[PDB]
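Notes follow the structure.
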Amino acid sequence: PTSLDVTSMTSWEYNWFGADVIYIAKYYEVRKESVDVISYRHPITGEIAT
Amino acid sequence: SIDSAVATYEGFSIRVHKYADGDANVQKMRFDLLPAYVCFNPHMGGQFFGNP
Amino acid sequence: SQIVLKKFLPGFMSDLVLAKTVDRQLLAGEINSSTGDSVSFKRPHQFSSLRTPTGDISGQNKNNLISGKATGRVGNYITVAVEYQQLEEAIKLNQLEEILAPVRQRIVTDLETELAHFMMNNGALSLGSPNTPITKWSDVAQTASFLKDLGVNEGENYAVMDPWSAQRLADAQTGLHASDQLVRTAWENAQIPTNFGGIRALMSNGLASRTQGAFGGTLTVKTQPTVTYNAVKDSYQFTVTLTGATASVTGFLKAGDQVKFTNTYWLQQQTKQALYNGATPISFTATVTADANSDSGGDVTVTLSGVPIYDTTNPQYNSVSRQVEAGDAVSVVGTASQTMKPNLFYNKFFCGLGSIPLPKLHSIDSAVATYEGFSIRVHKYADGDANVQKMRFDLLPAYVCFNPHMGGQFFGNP
Amino acid sequence: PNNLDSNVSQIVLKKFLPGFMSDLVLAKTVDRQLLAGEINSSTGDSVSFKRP
Amino acid sequence: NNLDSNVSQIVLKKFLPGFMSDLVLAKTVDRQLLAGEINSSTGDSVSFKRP
C-alpha cells in the first residue's frame with residue numbers, strides 16, 4: 001500500500017476534493033568516502049593519468 | 001484552523017478532520033459525508049420477481 | 001514602587017552529575033512504537049567444571065544452559081503546566097520567555113531526583129556505618145577496593161558525595177608533605193583531583209535524602225526462601241519473611257534500607273571464593289524495595305533487591321557462601337528513625353537511562369526545546385472562554401537496572 | 001534440562017491478512033448530474049424540480 | 001483499547017558484561033624444568049635430585 005509524507009502545510013483556506021495524490025520525496029546526501037585511484041602511466045600519448 | 005485532508009473512494013470525496021484535547025492528551029479523528037436523495041417519478045421503477 | 005527593571009534577579013540552581021555518568025548508549029531509541037512498553041537484554045553465561053581422574057563423565061550431569069533477562073520499562077510523565085489571563089500576563093511579559101528559563105531546570109531537577117531515588121532503591125552493596133560521615137582518605141578508597149575485589153573491570157567506577165564532605169577531604173589533602181601542586185590547589189581552590197583513591201570522585205549539592213523508619217527487636221528469618229537461579233533469573237529480586245519484630249508498627253521498614261545476613265558471606269564471582277576484608281569477612285546485604293508494615297506476632301514480609309543464589313543443581317551461578325535457612329540472624333544498618341543523605345558509588349553498567357520522543361499533538365501549536373540532551377515538548381491551547389491561555393511541558397523517561405551487585409550506598413566508619 | 005526460552009522473542013509480523021469486500025452497483029447506475037451543485041445546507045434543506 | 005496484539009515482545013542480541021579475574025601465580029612459578037619430562041615412557045611421575 002501507499003504511505004505518503006505528511007506536512008500539514010497546504011489546505012490553509014482552500015477547498016480540497018482530490019484524495020488521489022501521494023507525496024513522495026527525493027533525498028540527497030553528501031558523504032566523504034575512501035576511494036582508491038589507479039595511475040595508468042603508459043608513456044605513449046601522455047603518461048600521468050590518474 | 002483544524003488539520004484536515006481529502007480522500008477519495010470510487011468517485012466519492014470524504015473529509016478527514018484531526019483534532020486533540022490538551023488536558024486529556026488524547027488525539028482523535030473523524031470522517032464525514034452528507035448524502036441527499038430525490039425521487040423524480042415513482043412510476044418508473046419497482047421490484048420484479050419470477051412469475052410462476 | 002511602580003517603575004520596574006527588566007533583568008530578572010538571579011535564582012538558585014542545582015548541579016548535574018548523575019545523568020552524565022549513567023549508561024545512556026545501550027538504551028537509546030529502543031522503546032519505539034513496535035517494541036511496546038518494555039524491552040529486555042540478555043545476560044552472560046557461566047559454566048562449571050568437573051574434576052575426575054580418567055576423565056569419565058558418564059552418569060555425572062553435563063552443564064545445563066539457562067538464559068536470563070534484564071527488562072527496562074517506561075516511567076511516569078514529568079509535566080508542568082501554567083495558566084494565566086493573557087491580559088495581565090502580556091502586560092510585562094513579552095514573547096513569554098520568562099517562563100522558559102526556570103521550567104526546564106525544574107524538569108531536569110525532578111528527573112535527576114527520581115533517578116537518584118531509583119539508584120539507591122535498587123543498589124545492593126553497602127559500606128560503613130550510616131551515622132558516621134566521610135572524613136579521611138580510606139572512606140573513599142574502600143569503595144574502589146571493594147569494586148576491584150568483586151571482579152568488575154569492563155566499565156568505569158564513580159563515587160558521588162556532598163559539598164561539605166569535599167571540604168573535609170580537601171582540608172585533609174592540605175596537610176600533605178611532598179606534592180607542591182596538590183597542596184597549592186587544595187589551599188587555593190579547595191578542589192580535589194579527579195582520581196581520588198583509584199575512583200572518579202564527584203561533587204553534587206542536589207542529592208536525595210531518606211528516612212530510616214522505626215524498627216525494633218532481634219530479627220531473624222522464619223521460613224527458608226527460594227533462591228534457586230530458575231526463580232530469580234529475570235529480576236535478581238526475592239521475598240523473605242521476618243520474625244521477632246515489634247508487635248504492631250506501621251512503616252517498619254522504609255524503602256532503601258539495608259538488611260545484613262551475618263553468617264552468609266560474599267564470593268569473588270569468578271573464583272567462587274569468600275571475600276575477606278583484611279580483618280573480618282564481608283557479610284551479605286540487600287536493599288528494601290517497598291515499605292512494609294508489621295502485624296501481630298512480628299511477622300514482616302519484605303521484598304529485597306539482590307539475591308544470594310545458592311542453586312544446588314546449577315552450582316556455577318552461586319554468589320554466596322552458604323544457603324540462607326530458617327533461624328538465621330539478620331540486622332538492619334543505621335539507627336532507629338534518623339534521616340540522612342546517602343552517598344552513592346557504582347559501576348558504569350549499573351543502571352541505564354533513556355527518553356521517549358513524544359509526537360506532536362494534533363491541531364495544537366507545538367515546539368521542541370533541548371536542554372543538555374533532553375527533548376521537551378511544549379504545547380499551547382486556548383480551552384475555556386475565560387480568556388485563559390494554557391501551556392504544558394512534557395517529558396517521558398525510561399529506567400532499567402542491569403545488575404544490582406555493581407552499586408549501592410556507602411558511608412564513613414569510625 | 002535446558003530452559004532457554006529467554007534466548008528468543010515473541011514476534012508479530014508486519015503483515016495484514018486480507019479482509020472481505022462488497023461491490024458498487026446502485027450508486028454507479030442512478031443519475032447524479034441533475035442534483036450536482038444544487039443543494040447547500042446553509043441556504044436550505046430542500047430543492048424542487050418541475051414536472052412536464 | 002486492547003492494542004496488545006499489535007506490538008511484539010523483543011529481546012536484543014546484546015550480552016551484558018560479567019565479572020572477570022586475574023592471573024599472576026601461573027606466570028611466576030617454575031615452568032622450565034617440568035616441561036615435557038612426563039612422557040609416555042616415563043609414566044605418571046618424574047623425579048629430581050637434591051644437593
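Letters for chains follow the order of the C-alpha cells (A, B, ...), residue numbers begin at 1 for each chain, and ligand numbers begin at 1 in the order shown.
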(message) Can you pull out the residues contacting segment 328-336 of chain C? Cut-off 12 Å, using only C-alpha atoms, and skip same-chain residues under 2 positions away; I want them as JSON, numbers by chain.
(response) {"C": [126, 127, 128, 129, 130, 131, 132, 210, 211, 212, 213, 214, 215, 216, 217, 218, 219, 220, 221, 222, 223, 224, 225, 240, 241, 242, 243, 244, 245, 251, 252, 253, 254, 256, 257, 258, 259, 260, 261, 262, 263, 264, 283, 284, 285, 286, 287, 288, 322, 323, 324, 325, 326, 338, 339, 340, 342, 409, 410, 411]}
Find the residues near residue 27 of chain B: any atom within 12 Å, counting only C-alpha atoms, skip ones fewer than 4 places away on the same chain, and give them as a PDB file with N, CA and C atoms, in the first residue's frame.
ATOM      1  N   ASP B   3      -6.409  20.718  11.364  1.00  0.00           N
ATOM      2  CA  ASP B   3      -5.704  19.925  10.366  1.00  0.00           C
ATOM      3  C   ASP B   3      -6.668  18.978   9.664  1.00  0.00           C
ATOM      4  N   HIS B  17     -10.943  15.128   9.563  1.00  0.00           N
ATOM      5  CA  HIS B  17     -10.541  16.212  10.492  1.00  0.00           C
ATOM      6  C   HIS B  17      -9.745  15.613  11.649  1.00  0.00           C
ATOM      7  N   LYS B  18      -8.570  16.164  11.951  1.00  0.00           N
ATOM      8  CA  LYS B  18      -7.759  15.680  13.095  1.00  0.00           C
ATOM      9  C   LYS B  18      -7.711  16.761  14.177  1.00  0.00           C
ATOM     10  N   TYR B  19      -8.148  16.444  15.398  1.00  0.00           N
ATOM     11  CA  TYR B  19      -8.206  17.441  16.498  1.00  0.00           C
ATOM     12  C   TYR B  19      -7.853  16.745  17.812  1.00  0.00           C
ATOM     13  N   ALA B  20      -7.415  17.488  18.829  1.00  0.00           N
ATOM     14  CA  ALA B  20      -6.958  16.828  20.071  1.00  0.00           C
ATOM     15  C   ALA B  20      -7.362  17.634  21.302  1.00  0.00           C
ATOM     16  N   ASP B  21      -7.532  16.974  22.453  1.00  0.00           N
ATOM     17  CA  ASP B  21      -7.900  17.667  23.720  1.00  0.00           C
ATOM     18  C   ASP B  21      -6.645  17.784  24.582  1.00  0.00           C
ATOM     19  N   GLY B  22      -6.185  18.999  24.867  1.00  0.00           N
ATOM     20  CA  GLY B  22      -4.897  19.156  25.565  1.00  0.00           C
ATOM     21  C   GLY B  22      -4.853  18.601  26.969  1.00  0.00           C
ATOM     22  N   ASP B  23      -5.864  18.871  27.781  1.00  0.00           N
ATOM     23  CA  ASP B  23      -5.773  18.430  29.193  1.00  0.00           C
ATOM     24  C   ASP B  23      -5.888  16.911  29.216  1.00  0.00           C
TER      25      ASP B  23
ATOM     26  N   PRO C 359       5.186  12.516  20.035  1.00  0.00           N
ATOM     27  CA  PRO C 359       4.691  13.098  18.786  1.00  0.00           C
ATOM     28  C   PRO C 359       3.909  14.380  19.028  1.00  0.00           C
ATOM     29  N   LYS C 360       3.831  15.191  17.975  1.00  0.00           N
ATOM     30  CA  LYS C 360       3.114  16.455  18.051  1.00  0.00           C
ATOM     31  C   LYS C 360       1.622  16.207  18.225  1.00  0.00           C
ATOM     32  N   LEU C 361       1.011  16.926  19.162  1.00  0.00           N
ATOM     33  CA  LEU C 361      -0.418  16.790  19.389  1.00  0.00           C
ATOM     34  C   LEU C 361      -1.186  17.500  18.277  1.00  0.00           C
ATOM     35  N   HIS C 362      -2.217  16.834  17.762  1.00  0.00           N
ATOM     36  CA  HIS C 362      -2.903  17.310  16.565  1.00  0.00           C
ATOM     37  C   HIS C 362      -3.614  18.636  16.809  1.00  0.00           C
ATOM     38  N   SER C 363      -3.517  19.531  15.824  1.00  0.00           N
ATOM     39  CA  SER C 363      -4.227  20.814  15.814  1.00  0.00           C
ATOM     40  C   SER C 363      -3.894  21.670  17.032  1.00  0.00           C
ATOM     41  N   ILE C 364      -2.697  21.505  17.583  1.00  0.00           N
ATOM     42  CA  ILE C 364      -2.240  22.295  18.719  1.00  0.00           C
ATOM     43  C   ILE C 364      -0.824  22.767  18.427  1.00  0.00           C
TER      44      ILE C 364
END
Closest atom pairs, residues of chain C within 6 Å of chain D, only C-alpha atoms, as a Markdown table:
| residue | atom | partner | partner_atom | distance |
| --- | --- | --- | --- | --- |
| C:64 | CA | D:2 | CA | 5.5 |
| C:65 | CA | D:2 | CA | 5.2 |
| C:66 | CA | D:3 | CA | 5.4 |
| C:67 | CA | D:4 | CA | 5.3 |
| C:68 | CA | D:6 | CA | 5.9 |
(message) Can you pull out the residues contacting residue 31 of chain D? Cut-off 12 Å, using only C-alpha atoms, and skip same-chain residues under 6 positions away; I want them as a PyMOL selection string.
(response) chain B and resi 37-40
Dump of C-alpha atoms for the selected residues, as a PDB file, in the first residue's frame:
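Below is the file that was written, again09.pdb:
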ATOM      1  CA  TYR B  37     -31.840  11.623  -2.138  1.00  0.00           C
ATOM      2  CA  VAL B  38     -34.610  12.637  -4.537  1.00  0.00           C
ATOM      3  CA  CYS B  39     -37.480  10.751  -6.180  1.00  0.00           C
ATOM      4  CA  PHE B  40     -38.395  12.102  -9.612  1.00  0.00           C
TER       5      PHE B  40
END
Can you check which parts of chain D lie within 12 Å of chain B? Per residue, the shortest pair of atoms and distance in Å to one decimal, counting only C-alpha atoms, sorted by chain and number, as a Markdown table.
| residue | atom | partner | partner_atom | distance |
| --- | --- | --- | --- | --- |
| D:23 | CA | B:10 | CA | 10.8 |
| D:24 | CA | B:10 | CA | 8.6 |
| D:25 | CA | B:10 | CA | 11.3 |
| D:27 | CA | B:10 | CA | 10.0 |
| D:28 | CA | B:10 | CA | 9.4 |
| D:30 | CA | B:37 | CA | 10.8 |
| D:31 | CA | B:38 | CA | 10.5 |
| D:32 | CA | B:37 | CA | 10.1 |
| D:34 | CA | B:38 | CA | 10.1 |
| D:35 | CA | B:38 | CA | 8.3 |
| D:36 | CA | B:36 | CA | 10.0 |
| D:37 | CA | B:36 | CA | 11.3 |
| D:38 | CA | B:36 | CA | 10.4 |
| D:39 | CA | B:36 | CA | 8.5 |
| D:40 | CA | B:36 | CA | 10.4 |
| D:41 | CA | B:34 | CA | 9.9 |
| D:45 | CA | B:36 | CA | 9.4 |
| D:46 | CA | B:36 | CA | 9.5 |
| D:47 | CA | B:38 | CA | 9.2 |
| D:48 | CA | B:38 | CA | 9.5 |
| D:49 | CA | B:40 | CA | 8.1 |
| D:50 | CA | B:40 | CA | 9.5 |
| D:51 | CA | B:40 | CA | 8.5 |
| D:52 | CA | B:41 | CA | 11.0 |
Those same residues, written as an mmCIF file, in the first residue's frame with N, CA, C and O atoms?
data_model
loop_
_atom_site.group_PDB
_atom_site.id
_atom_site.type_symbol
_atom_site.label_atom_id
_atom_site.label_comp_id
_atom_site.auth_asym_id
_atom_site.auth_seq_id
_atom_site.Cartn_x
_atom_site.Cartn_y
_atom_site.Cartn_z
ATOM 1 N N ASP D 23 -19.566 -4.612 -3.243
ATOM 2 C CA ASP D 23 -19.495 -4.149 -4.622
ATOM 3 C C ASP D 23 -20.340 -2.897 -4.811
ATOM 4 O O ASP D 23 -21.297 -2.646 -4.075
ATOM 5 N N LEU D 24 -19.970 -2.114 -5.826
ATOM 6 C CA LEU D 24 -20.613 -0.843 -6.158
ATOM 7 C C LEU D 24 -21.460 -1.034 -7.410
ATOM 8 O O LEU D 24 -20.922 -1.179 -8.512
ATOM 9 N N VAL D 25 -22.783 -1.035 -7.245
ATOM 10 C CA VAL D 25 -23.678 -1.180 -8.388
ATOM 11 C C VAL D 25 -24.702 -0.053 -8.418
ATOM 12 O O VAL D 25 -24.830 0.654 -9.424
ATOM 13 N N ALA D 27 -24.987 2.872 -6.859
ATOM 14 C CA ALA D 27 -24.511 4.248 -6.956
ATOM 15 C C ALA D 27 -24.095 4.596 -8.380
ATOM 16 O O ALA D 27 -24.370 5.699 -8.864
ATOM 17 N N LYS D 28 -23.429 3.666 -9.066
ATOM 18 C CA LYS D 28 -22.949 3.946 -10.415
ATOM 19 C C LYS D 28 -24.086 4.008 -11.426
ATOM 20 O O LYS D 28 -23.920 4.589 -12.505
ATOM 21 N N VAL D 30 -27.610 5.008 -10.878
ATOM 22 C CA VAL D 30 -28.529 6.138 -10.803
ATOM 23 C C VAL D 30 -27.856 7.397 -11.346
ATOM 24 O O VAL D 30 -26.627 7.495 -11.438
ATOM 25 N N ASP D 31 -28.684 8.375 -11.705
ATOM 26 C CA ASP D 31 -28.204 9.604 -12.321
ATOM 27 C C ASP D 31 -27.799 10.599 -11.242
ATOM 28 O O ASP D 31 -28.525 10.788 -10.260
ATOM 29 N N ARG D 32 -26.639 11.234 -11.429
ATOM 30 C CA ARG D 32 -26.092 12.151 -10.441
ATOM 31 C C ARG D 32 -25.953 13.584 -10.931
ATOM 32 O O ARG D 32 -25.807 14.487 -10.102
ATOM 33 N N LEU D 34 -28.067 15.698 -12.334
ATOM 34 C CA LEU D 34 -29.167 16.624 -12.080
ATOM 35 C C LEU D 34 -29.043 17.280 -10.711
ATOM 36 O O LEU D 34 -29.263 18.488 -10.570
ATOM 37 N N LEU D 35 -28.693 16.502 -9.688
ATOM 38 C CA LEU D 35 -28.627 17.021 -8.329
ATOM 39 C C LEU D 35 -27.282 17.648 -7.988
ATOM 40 O O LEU D 35 -27.163 18.267 -6.926
ATOM 41 N N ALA D 36 -26.279 17.510 -8.851
ATOM 42 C CA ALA D 36 -24.956 18.035 -8.544
ATOM 43 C C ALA D 36 -24.988 19.554 -8.435
ATOM 44 O O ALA D 36 -25.517 20.242 -9.313
ATOM 45 N N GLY D 37 -24.416 20.072 -7.353
ATOM 46 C CA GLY D 37 -24.334 21.511 -7.155
ATOM 47 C C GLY D 37 -25.676 22.205 -7.097
ATOM 48 O O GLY D 37 -25.828 23.302 -7.650
ATOM 49 N N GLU D 38 -26.659 21.594 -6.435
ATOM 50 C CA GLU D 38 -27.996 22.160 -6.354
ATOM 51 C C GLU D 38 -28.510 22.357 -4.937
ATOM 52 O O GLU D 38 -29.521 23.047 -4.764
ATOM 53 N N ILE D 39 -27.857 21.790 -3.927
ATOM 54 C CA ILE D 39 -28.306 21.902 -2.546
ATOM 55 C C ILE D 39 -27.128 22.299 -1.668
ATOM 56 O O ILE D 39 -26.041 21.721 -1.771
ATOM 57 N N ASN D 40 -27.344 23.297 -0.814
ATOM 58 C CA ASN D 40 -26.393 23.665 0.225
ATOM 59 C C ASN D 40 -27.136 23.822 1.542
ATOM 60 O O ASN D 40 -28.227 24.397 1.582
ATOM 61 N N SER D 41 -26.532 23.308 2.617
ATOM 62 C CA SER D 41 -27.220 23.239 3.903
ATOM 63 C C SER D 41 -27.560 24.626 4.438
ATOM 64 O O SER D 41 -28.653 24.838 4.978
ATOM 65 N N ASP D 45 -32.709 23.106 3.004
ATOM 66 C CA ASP D 45 -32.657 21.650 3.070
ATOM 67 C C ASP D 45 -33.601 20.989 2.073
ATOM 68 O O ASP D 45 -33.933 19.811 2.235
ATOM 69 N N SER D 46 -34.045 21.714 1.048
ATOM 70 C CA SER D 46 -34.938 21.130 0.057
ATOM 71 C C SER D 46 -34.831 21.908 -1.245
ATOM 72 O O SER D 46 -34.697 23.134 -1.235
ATOM 73 N N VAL D 47 -34.894 21.182 -2.363
ATOM 74 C CA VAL D 47 -34.893 21.768 -3.694
ATOM 75 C C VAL D 47 -36.040 21.141 -4.476
ATOM 76 O O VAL D 47 -36.478 20.025 -4.192
ATOM 77 N N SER D 48 -36.535 21.878 -5.467
ATOM 78 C CA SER D 48 -37.716 21.473 -6.212
ATOM 79 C C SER D 48 -37.398 21.347 -7.694
ATOM 80 O O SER D 48 -36.566 22.080 -8.235
ATOM 81 N N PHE D 49 -38.076 20.403 -8.345
ATOM 82 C CA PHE D 49 -37.952 20.178 -9.777
ATOM 83 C C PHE D 49 -39.332 20.240 -10.411
ATOM 84 O O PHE D 49 -40.336 19.919 -9.774
ATOM 85 N N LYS D 50 -39.373 20.646 -11.676
ATOM 86 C CA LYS D 50 -40.623 20.887 -12.381
ATOM 87 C C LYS D 50 -41.011 19.669 -13.209
ATOM 88 O O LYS D 50 -40.200 19.156 -13.986
ATOM 89 N N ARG D 51 -42.253 19.215 -13.041
ATOM 90 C CA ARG D 51 -42.776 18.102 -13.816
ATOM 91 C C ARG D 51 -43.245 18.572 -15.193
ATOM 92 O O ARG D 51 -43.624 19.733 -15.363
ATOM 93 N N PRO D 52 -43.228 17.692 -16.190
ATOM 94 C CA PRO D 52 -43.635 18.095 -17.540
ATOM 95 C C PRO D 52 -45.130 18.355 -17.632
ATOM 96 O O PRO D 52 -45.931 17.878 -16.825
#
